[PDB]
Amino acid sequence: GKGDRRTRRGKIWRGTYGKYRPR
Amino acid sequence: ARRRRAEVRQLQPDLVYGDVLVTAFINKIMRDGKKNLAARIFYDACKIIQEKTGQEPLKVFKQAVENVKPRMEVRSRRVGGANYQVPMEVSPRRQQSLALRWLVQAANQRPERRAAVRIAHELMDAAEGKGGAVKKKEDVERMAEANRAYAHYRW
Amino acid sequence: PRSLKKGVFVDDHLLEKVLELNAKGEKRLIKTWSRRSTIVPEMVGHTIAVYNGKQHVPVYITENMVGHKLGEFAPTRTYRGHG
Amino acid sequence: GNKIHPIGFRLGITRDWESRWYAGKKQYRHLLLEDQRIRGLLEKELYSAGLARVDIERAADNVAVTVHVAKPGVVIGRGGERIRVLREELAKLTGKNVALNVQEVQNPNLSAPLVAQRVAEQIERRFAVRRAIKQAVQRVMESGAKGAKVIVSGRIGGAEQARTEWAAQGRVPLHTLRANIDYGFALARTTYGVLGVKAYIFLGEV
Amino acid sequence: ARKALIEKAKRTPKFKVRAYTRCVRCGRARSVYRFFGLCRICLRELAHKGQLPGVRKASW
Amino acid sequence: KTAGXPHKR
RNA sequence: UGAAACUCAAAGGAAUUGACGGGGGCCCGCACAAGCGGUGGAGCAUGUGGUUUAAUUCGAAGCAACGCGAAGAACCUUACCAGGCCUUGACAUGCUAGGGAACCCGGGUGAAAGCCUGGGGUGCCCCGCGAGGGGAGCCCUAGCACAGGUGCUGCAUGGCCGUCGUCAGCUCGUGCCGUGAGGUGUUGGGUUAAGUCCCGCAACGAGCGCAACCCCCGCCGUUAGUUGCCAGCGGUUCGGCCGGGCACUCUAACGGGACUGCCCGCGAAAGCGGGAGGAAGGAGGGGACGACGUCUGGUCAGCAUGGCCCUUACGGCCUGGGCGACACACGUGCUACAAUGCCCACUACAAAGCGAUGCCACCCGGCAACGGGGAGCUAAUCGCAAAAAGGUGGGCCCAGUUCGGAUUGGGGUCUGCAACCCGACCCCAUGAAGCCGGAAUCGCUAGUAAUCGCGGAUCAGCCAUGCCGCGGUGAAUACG
Ligand SMILES: [Mg+2]
Ligand SMILES: [Mg+2]
Ligand SMILES: [Mg+2]
Ligand SMILES: [Mg+2]
Ligand SMILES: [Mg+2]
Ligand SMILES: [Mg+2]
Ligand SMILES: [Mg+2]
Ligand SMILES: [Mg+2]
Ligand SMILES: [Mg+2]
Ligand SMILES: [Mg+2]
Ligand SMILES: [Mg+2]
Ligand SMILES: [Mg+2]
Ligand SMILES: [Mg+2]
Ligand SMILES: [Mg+2]
Ligand SMILES: [Mg+2]
Ligand SMILES: [Mg+2]
Ligand SMILES: [Mg+2]
Ligand SMILES: [Mg+2]
Ligand SMILES: [Mg+2]
Ligand SMILES: [Mg+2]
Ligand SMILES: [Mg+2]
Ligand SMILES: [Mg+2]
Ligand SMILES: [Mg+2]
Ligand SMILES: [Mg+2]
Ligand SMILES: [Mg+2]
Ligand SMILES: [Mg+2]
Ligand SMILES: [Mg+2]
Ligand SMILES: [Mg+2]
Ligand SMILES: [Mg+2]
Ligand SMILES: [Mg+2]
Ligand SMILES: [Mg+2]
Ligand SMILES: [Mg+2]
Ligand SMILES: [Mg+2]
Ligand SMILES: [Mg+2]
Ligand SMILES: [Mg+2]
Ligand SMILES: [Mg+2]
Ligand SMILES: [Mg+2]
Ligand SMILES: [Mg+2]
Ligand SMILES: [Mg+2]
Ligand SMILES: [Mg+2]
Ligand SMILES: [Mg+2]
Ligand SMILES: [Mg+2]
Ligand SMILES: [Mg+2]
Ligand SMILES: [Mg+2]
Ligand SMILES: [Mg+2]
Ligand SMILES: [Mg+2]
Ligand SMILES: [Mg+2]
Ligand SMILES: [Mg+2]
Ligand SMILES: [Mg+2]
Ligand SMILES: [Mg+2]
Ligand SMILES: [Mg+2]
Ligand SMILES: [Mg+2]
Ligand SMILES: [Mg+2]
Ligand SMILES: [Mg+2]
Ligand SMILES: [Mg+2]
Ligand SMILES: [Mg+2]
Ligand SMILES: [Mg+2]
Ligand SMILES: [Mg+2]
Ligand SMILES: [Mg+2]
Ligand SMILES: [Mg+2]
Ligand SMILES: [Mg+2]
Ligand SMILES: [Mg+2]
Ligand SMILES: [Zn+2]
């Protein structure tokens with residue numbers, strides 16, 4: 001869920017990007 | 001609701017069967033404003049309910065609603081500090097509401113994995129007089145029959 | 001941690017004291033208030049009095065603690081439990 | 001402990017700003033500080049002239065500073081001496097083109113900041129607070145206004161128990177926006193501490 | 001620790017981090033708007049006073 | 001009643 | 001039948017204004033009921049009690065203290081602690097005195113502050129070919145006057161705020177009644193969201209309140225046509241892109257519009273029900289707005305201010321520490337316990353804001369955080385920007401899991417002088433509790449609740465899951 005930085009929903013929740021939510 | 005009694009919201013009839021009772025039932029399926037997902041669940045079961053038991057889906061739905069409407073229920077009244085169980089006749093507005101509410105809840109208590117199947121089977125079992133929602137209706141009707149001694153406190 | 005594009009950070013005014021010791025044939029007690037200094041292989045063998053807000057705390061420097069910071073070995077709060 | 005400020009409530013409606021200019025997010029604070037720094041000096045000096053308002057207008061490296069006042073005398077000076085002596089010191093802080101003006105106050109007893117200052121000054125002289133209030137209200141109504149109310153709050157007469165006392169005549173409808181109500185505050189220091197005077201003058205509805 | 005602190009804030013600091021905002025009017029180190037250079041309290045006092053150009057009470 | 005300086009509390 | 005000692009500054013009668021009642025009547029409010037989602041259990045975030053500490057600065061204390069002052073505690077902030085320093089002081093005016101300095105770059109020591117120090121060399125007006133001597137922005141030091149104190153008293157205060165409460169109230173002038181407090185008006189019938197109106201009446205008026213004037217939203221017009229718009233022709237690298245145009249959508253200023261104005265019925269009236277027309281109907285939805293007063297409510301720490309206290313120190317500078325402690329206990333929250341769910345890929349539709357040591361397209365290196373290049377925009381132009389839920393396809397198959405993402409190892413990135421205490425972010429590994437929560441308890445009546453994301457203030461960065469806003473999807477229920 002939103003608390004797991006290692007997923008897309010987590011990256012959305014903290015407003016960050018990475019391998020699990022890139023641009 | 002002191003001043004005037006509230007007005008009953010009229011619902012936009014559904015875009016398939018054109019039936020308000022269908023729209024009301026989908027609203028009881030809906031959680032967190034996902035009416036799209038909600039209406040999608042209800043219609044998928046209508047498919048299931050036409051496959052299994054080839055009756056008309058809308059016809060099965062309404063009869064299941066009829067088999068779950070309770071005609072009597074217990075309420076609370078005073079006469080001193082006492083708290084009576086008073087048997088009351090259920091209004092048509094409330095018969096429909098309790099019937100719809102117990103159906104979704106009974107459906108979601110079922111063990112089928114996906115939501116439409118739970119609603120399909122519950123609407124099937126209800127239209128034949130079985131299911132948790134019917135057991136809930138009969139249960140309510142019983143408690144008003146037992147406390148029929150205090151029926152003279154009704155209003 | 002600190003970007004390695006930058007340097008391994010030492011306040012210089014402490015690294016100064018360390019290097020003059022190595023040249024002159026150490027040891028000597030080293031009193032610093034720079035907890036933020038990074039321990040560095042030139043510090044191995046010495047004892048450094050690290051300030052913790054109240055006292056200069058001696059810290060003998062060993063090889064296995066080289067990569068750390070100075071304040072890590074001068075704890076800043078006294079606790080010894082409840083009850 | 002509840003009522004809202006009567007001017008700021010009506011800004012853009014019945015009351016207009018005391019600083020009229022545009023700026024951008026780059027130097028808005030620098031100019032606004034200048035207004036305050038300028039307006040600081042003026043109220044300090046022109047107090048003895050009964051300063052009832054300071055208007056500021058700006059274009060670029062120049063400023064208005066229109067000073068309303070009950071007695072233009074202490075402003076202008078001898079043939080325009082004080083008006084120069086201050087305008088000199090003025091741009092000595094502004095570093096700009098500071099064109100001081102002096103507008104007369106039609107009726108001073110129809111100005112709220114003046115009525116408050118006359119009461120604040122009267123009670124510093126140890127005058128009967130309850131009386132000074134009724135008189136001030138009496139003057140403002142004799143001056144034709146449609147309503148007046150005056151509030152003094154603190155250790156009246158120097159009592160240990162603080163108190164609030166007020167008087168009013170006619171009508172003062174603070175909830176009404178189209179009602180022109182001039183508001184003004186004056187603070188009176190005494191041997192025993194600070195008192196606070198609120199003046200409300202109701203001119204009319206527009 | 002007030003006047004010495006309202007003066008030390010104006011001073012140029014040994015590092016650009018030690019610089020902090022400070023209300024030009026009263027001296028608050030907290031709730032200081034960059035736009036006005038004021039604090040939330042003085043901002044309210046001058047707004048009600050009309051000494052802030054164009055600013056007014058918003059309502060919607 | 002309120003710590004502040006000497007009084008502390 | 002019937003004392004006294006001793007003891008009290010009263011004990012009492014009627015009546016008045018309140019407040020209260022497990023008195024009565026008549027009303028109302030998410031007050032209950034009816035519903036829907038939560039809190040109380042879990043892990044984490046944040047505030048607090050408590051303890052601990054050299055210090056864990058101070059305030060706030062039932063509703064109305066407890067994500068509150070804090071709209072940004074690593075240093076600063078910072079008020080606390082330790083230690084090293086400064087003594088007319090970091091700062092204000094005023095007086096002299098010596099140097100007679102202006103300003104900008106250095107040096108030694110030191111954690112820094114500080115202490116010690118060295119160079120570049122004074123405009124007014126002048127006696128000026130003369131040596132130059134004085135006068136003065138301003139500086140430095142000496143000495144006074146004084147400054148400084150987030151020390152105390154919110155039981156001395158101003159100002160501002162909370163609160164009862166958006167509750168329908170609180171009053172005054174004259175007249176009348178009462179020895180008097182006081183009463184009447186303001187009560188009474190009806191009515192309303194309302195002391196809102198109607199009617200009645202020893203009352204007749206009036207003020208603060210209510211409503212209204214003000215703002216956002218809903219329909220229509222007008223004036224405008226670029227950076228916005230593209231209906232219809234013309235080109236068209238196929239992008240409103242170029243011609244053209246302002247029709248439309250819009251944007252932003254001014255107007256229109258609703259008045260229970262009309263019909264039916266009830267009524268003494270005010271009004272109430274219903275209907276018509278209309279985008280909108282009975283105050284259209286939301287906002288701003290808070291009566292006399294109450295809590296000796298909050299704030300002397302935003303500011304102001306009486307009084308009391310400190311004056312080589314309770315003032316001032318610095319480095320470091322603490323404000324982040326942890327057997328515990330409470331509040332407010334975030335994320336969840338899964339299939340109406342989780343994951344991956346592709347594909348749509350917002351609004352309000354922000355943006356020149358700023359937003360940063362686009363390109364390249366890198367799994368990535370980010371780095372390097374590098375256009376455009378002082379911005380209806382260029383950027384933040386992807387909105388998310390949703391739609392399509394695909395996977396997981398009821399497991400402590402492809403649920404949950406705490407804890408911890410290791411490796412990096414960025415800001416910053418500096419991330420040990422004590423930052424955010426990225427990557428690999430780790431993968432805890434938690435199976436829907438005991439007694440108890442909260443919010444909400446409609447574009448609301450629930451859910452979904454977006455921006456802003458503060459701000460180097462950020463412990464923001466907080467706050468103030470914005471739209472997307474969009475319910476249930478009200479007998480009483
Ligand atoms: Mg997962
Ligand atoms: Mg963003
Ligand atoms: Mg005295
Ligand atoms: Mg101090
Ligand atoms: Mg001060
Ligand atoms: Mg800062
Ligand atoms: Mg600040
Ligand atoms: Mg006797
Ligand atoms: Mg009695
Ligand atoms: Mg009573
Ligand atoms: Mg309930
Ligand atoms: Mg429930
Ligand atoms: Mg939640
Ligand atoms: Mg608990
Ligand atoms: Mg909890
Ligand atoms: Mg505390
Ligand atoms: Mg404590
Ligand atoms: Mg306390
Ligand atoms: Mg609260
Ligand atoms: Mg913070
Ligand atoms: Mg600190
Ligand atoms: Mg410090
Ligand atoms: Mg008070
Ligand atoms: Mg007060
Ligand atoms: Mg006292
Ligand atoms: Mg009202
Ligand atoms: Mg009341
Ligand atoms: Mg009352
Ligand atoms: Mg009378
Ligand atoms: Mg009489
Ligand atoms: Mg008599
Ligand atoms: Mg009376
Ligand atoms: Mg009457
Ligand atoms: Mg009354
Ligand atoms: Mg009365
Ligand atoms: Mg009466
Ligand atoms: Mg009225
Ligand atoms: Mg047009
Ligand atoms: Mg109003
Ligand atoms: Mg108190
Ligand atoms: Mg207190
Ligand atoms: Mg004081
Ligand atoms: Mg103070
Ligand atoms: Mg610290
Ligand atoms: Mg804190
Ligand atoms: Mg939280
Ligand atoms: Mg909780
Ligand atoms: Mg920003
Ligand atoms: Mg999707
Ligand atoms: Mg497991
Ligand atoms: Mg377990
Ligand atoms: Mg898993
Ligand atoms: Mg690690
Ligand atoms: Mg840190
Ligand atoms: Mg399970
Ligand atoms: Mg629950
Ligand atoms: Mg759940
Ligand atoms: Mg409501
Ligand atoms: Mg969720
Ligand atoms: Mg930041
Ligand atoms: Mg920020
Ligand atoms: Mg946010
Ligand atoms: Zn301020």
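Just so we're on the same page: letters track the sequence lines, and every chain starts at 1.
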Short side-chain to backbone donor-acceptor contact, [X] and [Y], under 3.5 Å:
{"X": "B:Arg154", "Y": "B:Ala151", "answer": "yes"}
{"X": "D:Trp17", "Y": "E:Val55", "answer": "yes"}
{"X": "C:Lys69", "Y": "C:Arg36", "answer": "yes"}
{"X": "D:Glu165", "Y": "D:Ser153", "answer": "no"}

Just name whichever nucleotide pairs with [N], Watson-Crick or G-U, keeping both distances under 3.5 Å, else none.
{"N": "G:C468", "answer": "G:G455"}
{"N": "G:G431", "answer": "none"}
{"N": "G:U448", "answer": "none"}
{"N": "G:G107", "answer": "G:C116"}
{"N": "G:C337", "answer": "G:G437"}

Expected list for residues 73-83 of chain C: side-chain donor-acceptor pairs under 3.5 angstrom, two or more places apart:
from, atom 1, to, atom 2, distance (Å)
C:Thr76, OG1, C:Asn52, O, 3.4
C:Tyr79, OH, C:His82, ND1, 3.3

How long is the line joining [atom1] of [X] and [atom2] of [N], in whole Å?
{"X": "E:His48", "N": "G:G159", "atom1": "NE2", "atom2": "P", "result": "15 Å"}
{"X": "A:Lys2", "N": "G:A389", "atom1": "NZ", "atom2": "P", "result": "11 Å"}
{"X": "D:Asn2", "N": "G:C167", "atom1": "CG", "atom2": "P", "result": "16 Å"}

OP1, OP2 of [N] versus side-chain N and O of [X]: anything below 4.0 Å?
{"X": "B:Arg110", "N": "G:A339", "answer": "no"}
{"X": "C:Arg35", "N": "G:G321", "answer": "yes"}
{"X": "F:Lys8", "N": "G:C314", "answer": "no"}
{"X": "A:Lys19", "N": "G:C370", "answer": "no"}
{"X": "C:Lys17", "N": "G:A111", "answer": "yes"}
{"X": "E:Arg34", "N": "G:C459", "answer": "yes"}
{"X": "B:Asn36", "N": "G:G390", "answer": "no"}
{"X": "D:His175", "N": "G:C210", "answer": "yes"}
{"X": "B:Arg113", "N": "G:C398", "answer": "yes"}
{"X": "D:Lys149", "N": "G:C208", "answer": "no"}
{"X": "B:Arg5", "N": "G:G480", "answer": "yes"}
{"X": "C:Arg77", "N": "G:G324", "answer": "no"}

Contact class for [X] vs. all strands (heavy atom < 4.0 Å): base, sugar-phosphate, or nothing?
{"X": "E:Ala1", "result": "sugar-phosphate"}
{"X": "D:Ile4", "result": "sugar-phosphate"}
{"X": "B:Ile29", "result": "base"}

So, under a plain 3.5 Å distance rule, would you say the side chain of [X] forms a donor-acceptor pair with the base of [N]?
{"X": "C:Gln55", "N": "G:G320", "result": "no"}
{"X": "D:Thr176", "N": "G:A212", "result": "yes"}
{"X": "B:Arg9", "N": "G:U477", "result": "yes"}
{"X": "C:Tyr51", "N": "G:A82", "result": "yes"}
{"X": "E:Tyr20", "N": "G:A460", "result": "no"}
{"X": "B:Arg2", "N": "G:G29", "result": "yes"}
{"X": "B:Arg93", "N": "G:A478", "result": "no"}
{"X": "B:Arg75", "N": "G:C479", "result": "yes"}
{"X": "C:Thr76", "N": "G:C421", "result": "no"}

Do [N] and [M] stack, judged by ring centres under 5.5 Å and ring planes under 30°?
{"N": "G:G135", "M": "G:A136", "answer": "yes"}
{"N": "G:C292", "M": "G:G293", "answer": "yes"}
{"N": "G:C30", "M": "G:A31", "answer": "no"}
{"N": "G:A42", "M": "G:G43", "answer": "yes"}
{"N": "G:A9", "M": "G:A10", "answer": "no"}

Base versus backbone protein contacts along nucleotides 35-45 of chain G [heavy-atom cut-off under 4.0 Å; B, S, -]: SS---------
Base versus backbone protein contacts along nucleotides 407-418 of chain G [heavy-atom cut-off under 4.0 Å; B, S, -]: -----BBB-BBS
Toward the 5' end of RNA chain G, by each residue's nearest nucleotide, E:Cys42 or D:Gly1: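 On the 5' side of the pair lies D:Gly1.
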Earlier contact from the 5' end, RNA chain G, for B:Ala38 and E:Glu45: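 The residue whose closest nucleotide sits nearer the 5' end is E:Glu45.
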Which of these nucleotides, [options], is closest to any side-chain atom of [X]?
{"X": "E:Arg11", "options": "G:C318, G:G158, G:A90", "answer": "G:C318"}
{"X": "C:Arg80", "options": "G:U53, G:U78, G:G355", "answer": "G:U53"}
{"X": "D:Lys198", "options": "G:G159, G:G293, G:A70", "answer": "G:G159"}

Residues B:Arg9, B:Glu7: salt bridge by 4.0 Å N-O rule: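 B:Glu7 and B:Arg9: not salt-bridged.
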Donor-acceptor pair between B:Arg101 and B:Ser97 side chains, under 3.5 angstrom: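 Result is no, nothing qualifies.
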Side-chain H-bond candidate by donor/acceptor type, E:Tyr20 with E:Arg22, under 3.5 Å: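 Per modelled atom types, E:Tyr20 and E:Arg22 side chains form a pair under 3.5 Å.
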G:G320 pyrimidine/purine six-ring stacking with C:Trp33, under 5.5 Å and 30°: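 Stacking is absent between G:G320 and C:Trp33, given that the ring centres and planes do not meet under 5.5 Å and under 30°.
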Sugar of G:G307 - north (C1'-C2'-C3'-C4' positive) or south (negative):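 It is north, as the sign of the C1'-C2'-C3'-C4' dihedral turns out positive.
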